[PDB]
Every structure is written in C-alpha cells, then in structure tokens.
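First, one chain by itself in structure tokens, the form deposited in one PDB entry.
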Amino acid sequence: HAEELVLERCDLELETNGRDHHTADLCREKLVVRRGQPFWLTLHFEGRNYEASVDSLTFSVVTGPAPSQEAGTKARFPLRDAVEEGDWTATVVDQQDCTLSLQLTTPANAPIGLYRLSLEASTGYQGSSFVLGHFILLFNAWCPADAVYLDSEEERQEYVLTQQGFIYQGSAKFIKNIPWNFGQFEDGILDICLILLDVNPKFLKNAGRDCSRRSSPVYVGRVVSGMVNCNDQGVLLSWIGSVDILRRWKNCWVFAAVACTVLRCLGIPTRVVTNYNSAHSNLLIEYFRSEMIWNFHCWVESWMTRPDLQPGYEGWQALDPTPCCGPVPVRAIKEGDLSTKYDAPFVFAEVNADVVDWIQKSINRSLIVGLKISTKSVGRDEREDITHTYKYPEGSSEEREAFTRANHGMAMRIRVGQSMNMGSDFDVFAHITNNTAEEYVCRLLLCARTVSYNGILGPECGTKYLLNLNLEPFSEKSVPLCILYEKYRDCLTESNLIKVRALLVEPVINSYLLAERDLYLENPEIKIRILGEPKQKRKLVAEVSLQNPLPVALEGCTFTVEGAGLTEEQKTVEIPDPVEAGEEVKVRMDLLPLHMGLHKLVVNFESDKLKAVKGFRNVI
C-alpha cells in the first residue's frame, strides 16, 4: 500500500545549531557542530510525511578515506524514541504537516572532522538510501563528558571563542604585549586546519587510524605541535595575526601564535604563554655567542584530561611548536616527574637551569631561567603571571624534592699535575667526577687566557671544545688542554698569570658546571753558590747561575748583585754572548764579609725576553 517517502529537502538549522554549539561564525554556509551535544535537522518530504508505524529510517555517518565502525569513524543508527546516552542517536522532536524535526547526538569521544551524513528510508518491502549532506564535528568544552570540558563559561569564552589576544615579549623587566588576531573563525580557516591534519605524517602512514585517533585532544594537540614547523610539510620556516599565514600556506612567537589559532579553531581550549630568561666576562654567555637560551620563549598550553596517564594529570598541558613536542602536563613539569609523556625533559629545560660554581662549590646566579611566565587574563586586557604553575618557590622543600625527582653529585675542578714554568709547554686538566649511578652526556668548553694582576683578561691561548663528552657512573676523567709557550708568549700580561676556565653542560635537565683557576708561570730560580767559608775574617766568592727556561735564546743578559755586609760595591755583569735555550749562564763575584752574623745576597737578572727575575741567599 504505502508509497516510499521522497525527501524534498533537509534544513541544516544553521542559525539554531550555530548558536547552541558556539559555532555561529563557522555556520554561515555549512553545518559545524560540537560533539556530545544534541543538534537539529529538519526533513521536508514531498508528499506524505513520515509515519513511524510504516516507515523505518536509518542514518549512516562516515569520516575520512578509510572509515570503519570498529575505529569509530563510521556509524549506523535508526531513528527511534529510545535515546541511548553516549551513542550516535537520532530522535523525532517535532512533527508538522510536511516537516519532521530530528534531534541527533554524537558520542562525547567521537573523532573530530568532516562527516558525510546519509539517510536510508524504508517502507517495508522497499528501501532507498541517499546523501543528506555534511557536517564538521569539533571538540566541545561545554560538554561535561568531553575530555576538553572546562567548567567555567568565561574560560570557555577566552580559550576557545575569543579571536584576539596578547602574546607577551620584551624582557622580564620590560614585558611587552603584542596584540594578535588568532582569527580562528575566519573564512577558510577551519578547512585549513582539517587539511593540516590530513597531511600530517601519521595520516600518510595510516589514514584510517589517524582519523580514528582524532577522538583524542592529546593526539590532536600532539599532531599540531609537530605540524606548525616545516621539518617538510609544515607551515612555518611584522604581521599581527595568524590568518594570512595559514591562507598563504594552504596555497619566534609566531609559532605559538599559529598553534593557538589552529587549536582554538578545533575546539581545544588553548592559550599562548611566554617565559622570560635573563643573564648577569662569563664563559656561559661566551658559550651562547641547537639549544640556545633566549631573552624569552613562547609556547602554548591546551586544556584536557589525560586518561593515557596516571590520575591527577588532567588540566593544562604544555605544547611547544618551536623548531612534535608535548603535550606534557604542566604539573608534571612543576613536580619534576620527567618520565611523564610527552617530552617532559624538554619543557622542564625551558623553565629550569641549575648553575653551579667551582671558582677556587657555590650557586651561580649569573644565569636565571623561568621568570615572569605570562599569559593573558580571562576576559580582561591584562597579564596573568603563571610562574607558580611551573615552579615551586625558590628554596622551598617542594622545590627541592622536585629537583630530586627530576635528577634521580657531579663535580669539576681544574688541575695541573706538576710544576709550571715560564717558557715551558704543559697540560691543564678539567678533572670531572661523577659519583652518581647515572650516565651523562655533556658539552665541554675548556680554555685559557692571560690575565693581569688587576683581573683583566688577555687574549685566548688555548681552547678545547667537546660536543659530546660521556661520563660513566661512579667514574672520573681528567680532560687535558695543552698550553703552548708559542701561543701565550706573545700575549702575556705584566704577570705570569693565565686563567683556565671550564664549562660542563648537561643539556637534558639543563645543568651547568663552571670551574675556574688562575695559574702562575714560575720564573727560573737563581742559584747562588757560596764558595769558601763564612769567615768573620775575609775573602769570599759567590757564584750565581740561571738555566734558560725558554725554547728560544736570551739576548742582553746581565746579572746584578748586592748585599750590605757582603759586598761594598754593587756589581753588574754584562754577559757577552746570547744564552741558548736550556743553557745555564754563570758568573762569579768577589766578597769581603763585613762583620759577624747573617747577611743576605740579593740578585737580579735581566734579559731582552726575560726580565725582573730575582733571587737571594743567606750567609753565615
């Protein structure tokens, strides 16, 4: 009897769906809705209207290029009165002459994306299936069952709906606030976001599974952090917004600015954050002039539960789109629980630095990381300081025990090993001890410069850099640097002093060890031989010598001796021929022992290349 239904059209109820779903700006032409919340379609039929007693209607939805029911990317569901909460469902909520108003709901953990919605109409003995249309399904911060649920309306407004904000920069002391147009809801932007997902490496590797994994904001946040930077494929490699950048792509704060735009667009509550660092003739700074430290650094935080981790990690997750990184729970960073996925040590190193001295074991505060961590206040044009979410107050028990959890005893001093003399070559050592059970891989910078008695530094006279020095547990090393006369001879100060400095960097936790030591290059000793016998009577001969310590010969060599109680007249002696390298120059002079007790003979040796060398000898 009854003839099959003919659909005249489907009304996508854009105005009503858009407002309820907080997607109004996105629903000018196509339907955009959020998961775990009912939305509406109105069917107009040509001819007779739906009759439940006769007509059976079934819906099918698919997303992606390899949809399956088991993967959650395909569903089939009948139009009926019973509504199973948490499932794909459709039910009648209004029936007029020629119209049929439907209420559909998706699971709160449905993969996000572009769905094709089809309808199968069946009047017993016959059926006809066809395409009703499409809708995009987004994350839903308004739905208590959704992983990105945020229990505060004003926060949902700020971190999802608001299209402009501030990205903080400048410095910790002069914080500047660049205003920025995220423009997540502008024409074309949503489609661009979906494309970015569709060309990510995991899609290429397994499209069906990628599309299925888009049920998770953990997974989606992760993919986006990775996609912002052109490894290639990525987006980035002046402006005041994200929109232009994304449009051109389809055809440093900027990295975070773009991630925020994309994440807000997809429905993940997100904010840009800025960390400031500061510095205060230091090896460290010299080092920095691919893990640079900058005056500031930006990333994003996104809001979600973490069922993939142990309990207690829901909330803000750090994601770092800077040249995949995250998401890591901010609280895991503050707790030094660095085994928490994803990439915790990297985020920890952005807000921590442990700098220790051995300027002979003291704390060095010339490098300071993790200050004034900043993000825009909710619903107000001002700055919120969130330093506290990342680190405990300096000096607290909680700070220290987090330091411990993060580190699970390393030491370094400068050593020489033997006598050091002007003119000779010799090694210096960075002696490094590692009385821990851990294994470390460090950068080492070890280098020497002349230095004046006033503390001013001369030119470099030795450098050894090692990219990757390994330290085994419970072991030590003496790493040598050769100091060459040839390299220091020309650049010595008034002193015979050289400053040795070493810097050990463990870049994972972000630890820094300095050691520093001044060395004195001894002058040759003047040997004074007393020939005869100390007679309160008379007549004595003193012999003085000096072995040349240079690898080169000395010219213009002259001794000068004097000593009240021994000689009555000072005696200068010019040595005629130059003294060869290693040669021992020798002169003699006569003495007339004045009186009885002790006397001191005082000698000065002079030369063109070696000057002001002194000696003395007591007598009697």
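Numbering starts at 1 and follows the sequence shown. In this text, the rigid core denotes the largest set of C-alpha atoms whose superposition between the two forms falls within 1.5 Å.
- Annotation: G208 does not belong to the positions left without coordinates in a third of the other compared entries; each one with flanking residues models it.
- Residue-level annotation: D81 lacks coordinates in a third or more of the other entries compared, counting only those that model residues on either side of it.
- Gap check for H388 to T389: zero deposited residues are absent from the model.
- Coordinates are absent for 10 or more residues of the deposited sequence placed between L237 and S238.
- Annotation for 583 to 591 versus 24 to 32: the higher mean temperature factor (C-alpha) is found in 583 to 591.
- Mean C-alpha B-factor is higher over 520 to 528 than over the other stretch, the pair under comparison being 189 to 197 and 520 to 528.
- Residue set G267, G458, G226, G241: peak C-alpha B-factor at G458 (per PDB entry).
- Within the listed group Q103, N251, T340, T106, the record reports its top CA B-factor for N251.
- Annotation for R331: C-alpha temperature factor in the lowest third relative to the rest of the modelled chain, per the entry.
- Looking at the C-alpha B-factors along this chain, the one for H44 belongs to the lowest third.
- In this PDB entry, the Cα temperature factor of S215 sits in the bottom third of its chain's modelled residues, the lowest group.
- In the PDB entry, a CA B factor belonging to the lowest third of its chain's modelled residues is recorded for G183.
- Among the modelled residues of the chain, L371 sits in the middle third by CA temperature factor in this PDB entry.
If you look for the form deposited in another entry, you will not find it shown, but the lines that follow are about it.
- Once the core is superposed between this form and the one not shown, every option in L554, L57, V61, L41 stays below 2 Å in C-alpha shift except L554.
- Superposition on the rigid core between this form and the one not shown places the CA atom of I456 2 Å or more away from its counterpart.
- Relative to the superposed rigid core, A542 undergoes a CA displacement of at least 2 Å between this form and the one not shown.
- After superposing the rigid core, the C-alpha of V199 moves by less than 2 Å between this form and the one not shown.
- In that other deposited form, the CA atoms of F296 and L514 come closer by at least 3 angstroms compared with the shown structure.
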